[PDB]
Amino acid sequence: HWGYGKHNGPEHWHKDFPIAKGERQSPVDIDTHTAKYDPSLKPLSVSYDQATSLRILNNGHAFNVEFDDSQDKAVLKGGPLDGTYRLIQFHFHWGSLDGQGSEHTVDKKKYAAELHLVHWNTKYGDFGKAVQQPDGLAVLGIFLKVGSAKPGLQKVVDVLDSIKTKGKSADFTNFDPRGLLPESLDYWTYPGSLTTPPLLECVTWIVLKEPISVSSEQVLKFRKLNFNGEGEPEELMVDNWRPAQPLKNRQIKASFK
Ligand SMILES: NS(=O)(=O)c1ccc(-c2cnc(C(=O)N3CCOCC3)o2)s1
Ligand SMILES: [Zn+2]
């Protein structure tokens, strides 16, 4: 019953999920002047060359491109992380308009969308166990702005017709997530949470400073998705983002001077 409407949206989540008001909630505003460069942060290691995508799913909140995470095939390492985190899925959050849509903000600036590459700590055996741990997940966040098209996003865009409504899925093999990365891997990092219910406080957030550009046509196709199931009243899947939450007792660290 939670969602993003006037009656079930982020302001309501705390009633079913009291951790919504917790001590390490995401997303947050990234105050670029207050984030501290941390020279002890390792370079980030993104190893996606062996990635195996399987499926794309409209889950009624966003769409997930899911990966085979039954072996170490696509991993995130280094940066603030100890150990090996395996890619399980990626998805996006986006707006009804180019001026909003991202979950994280940068000096209060909202981007048109935000990509989340979700990884789980292999020390915990599977995703389900990992989300119960303070260091269970690493989500790589990448901002999208509207400008030139992102060629590597287009295979995703073109399959969206086939998963228009909640619960629809489609085969989605041989998609290469390296096509969605910016040039630079400079990042901010802080400890936080899933940004949707159950809002578990299990994520090390790694948010890239460099946005990717997508075209107006690409983002328009995101906005044609539906929150509803087939044969239900059409509600466009837009504004599926949670706003910035209080930073509280946390420091955001920068990987770069
Ligand atoms: N916006 S976010 O913070 O990146 C995020 C919010 C919720 C996520 C979630 C929950 N379950 C999964 C998942 O991929 N699985 C694993 C178990 O639940 C169903 C499928 O992802 S990922
Ligand atoms: Zn997300």
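As the structure lists them, so they are numbered: ligands from 1, and atoms in each ligand from 1. The analysis underlying the following values was restricted to heavy atoms, covering all of them including side chains, and did not include hydrogens, waters or symmetry mates. Start at 1 with the first residue, then count along the sequence.
- Aromatic ring orientation, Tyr4 versus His61: perpendicular (interplanar angle above 60°, classes split at 30° and 60°).
- Partner of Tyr85 under the side chain to side chain contact (heavy atoms under 4.5 Å, CB included) criterion, chosen from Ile206, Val118, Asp72, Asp135: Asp135.
- Within 6.0 Å of atom CG in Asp107, more than 12 heavy atoms from other residues, nucleotides or ligands are found, so the atom counts as buried in its surroundings.
- In this structure, CG on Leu160 lies 5.0 Å from CG on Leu225, to the nearest 0.5 angstrom.
- Considering backbone and side-chain N/O of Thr196, none are found under 3.5 Å from N/O of ligand 1.
- Note: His104 and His116 have perpendicular aromatic rings, judged against thresholds of 30 and 60 degrees for the angle between ring planes.
- Protein heavy atom at the shortest distance from atom 5 (C) of ligand 1 is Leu194 CD2, 3.8 Å.
- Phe127 does not carry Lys129 over the face of its six-membered ring by the limits of under 6.0 Å from the centre and within 45° of the normal.
- The single protein non-hydrogen atom nearest to atom 20 (C) of ligand 1 is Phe127 CE2, 5.0 Å, given as residue, atom name and distance.
- Angle ND1 (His116) to the Zn ion (ligand 2) to NE2 (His93): 100°, rounded to 10°.
- Of all the atoms in ligand 1, the ones that sit under 4.0 Å from a non-hydrogen atom of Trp205 are 3 (O).
- Among the atoms of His91, some N or O lies under 3.5 angstrom from an N or O of ligand 1.
- Nearest protein heavy-atom contact of atom 21 (O) of ligand 1 is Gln89 NE2, 3.3 Å.
- Among all protein heavy atoms, the one lying closest to atom 3 (O) of ligand 1 is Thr195 N, 2.9 Å.
- Between the side chains of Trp188 and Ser255, no donor-acceptor pair of N or O atoms lies under 3.5 Å.
- Remark: ligand 1 atoms within the under-4.0 Å shell around heavy atoms of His93 are 1 (N).
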